[PDB]
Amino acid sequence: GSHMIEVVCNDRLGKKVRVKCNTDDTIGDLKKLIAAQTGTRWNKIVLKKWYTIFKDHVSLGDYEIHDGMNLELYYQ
């Protein structure tokens, strides 16, 4: 970090967006990127992976998000 990575976000119907981001971005910031790139609103997005619900104010780096990582995208 700062270090550019990409993340893949898949929703339950199989729609996929791959987002370029930086390890210092927050989860809330990624969600803003996701939102813009999928026609939705950042505050209606939930990001998970298995048992982890990502908190908005934590950076990707502190969540140890790796390059290429697949995240689960949900709507609220």
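Numbers for residues come from their place in the sequence shown, where the first is 1.
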Going by the entry, which third of its chain does the Cα temperature factor of residue 73 land in? middle
Position of residue 56 among the chain's modelled residues by C-alpha B-factor, lowest, middle or highest third: middle
Among all modelled residues of this chain, ranked by Cα B factor, put residue 64 in the bottom, middle or top third, i.e. lowest, middle or highest. highest
Looking at the entry's B-factor column for C-alpha atoms only, identify whether residue 4 ranks in the lowest, middle or highest third of its chain. highest
Residue 48: C-alpha B-factor third of its chain, per the entry, is the middle
